[PDB]
Structure formats: structure tokens, C-alpha cells
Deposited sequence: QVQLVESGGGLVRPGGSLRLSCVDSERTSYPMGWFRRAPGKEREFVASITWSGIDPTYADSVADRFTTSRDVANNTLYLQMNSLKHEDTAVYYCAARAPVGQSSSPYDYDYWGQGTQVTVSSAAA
């Protein structure tokens, strides 16, 4: 049905930056939300944005460091993560709404904040 393609994850040193992107190239859904699950924690809301791309909503834990945007022309969702800490190490999931809580979820992308990176 819907295939959410997540990109941009991986390893970063603490204080570094990552940009996640998520697309549904078939236009069958609107990627609009970002969630994450730490290794031992529950799934937690990170950020979301309206269909228009105008109004983002951030979790208090990331409001000072994360920015989200939506390219309405090509249905791409972005998450810019700055000043990454260890508490940001998690699998990040893209969430999308059908054109007709979210209806679709990506398989997730690992984000690991460690000093053993470059």
C-alpha cells in the first residue's frame, strides 16, 4: 500500500546535526509526523507539521534544537536535528496520514549519538 522512505539517519558525534527526510512518492499519503523510540523507553512524539507546512509542533524536549518542515510540492517531510545529545539516540519513525493519530508508519531509521563517530 503506502511505502514511507526514510533517509538521513545514522551516527553523529554529540552536538552534531542530522537531517531526516521522509517521502511518499506515490502521493497516497502525507508524511506529517516524527516519532522515536529509545532502546528502553516507550514510543514518544517528536514533531509534527500541518498539511500546509505552516504550523509545526514540537515536543518540549526537542523544541530548542529540532525544526520540521514539509515540502507540499513533492510531499517530503523534513526533520532538522541540531545539538544532538545521547537522549536523542533512538529509532526515528516517519508517520503519514491518508488523504481521507496516524495511519501509516515507516520502518524507522537508527539515530545514534556517540563520540566514537566522525
Numbered from 1 along the deposited sequence, what ranges are absent from the coordinates? 101 to 107
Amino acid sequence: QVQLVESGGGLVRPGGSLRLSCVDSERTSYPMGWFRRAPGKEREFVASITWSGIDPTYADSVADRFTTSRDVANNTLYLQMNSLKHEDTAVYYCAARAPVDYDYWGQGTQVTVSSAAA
From here on, numbers count along this sequence of modelled residues.
Take the C-alpha B-factors listed in the entry for 103 to 111 and for 21 to 29, compute each mean, and give the stretch with the larger one. 21 to 29
Decide which of the stretches 68 to 76 and 33 to 41 has the higher mean C-alpha B-factor, going by the entry. 33 to 41
What third of the chain, by the recorded C-alpha B-factor, contains residue 96? middle
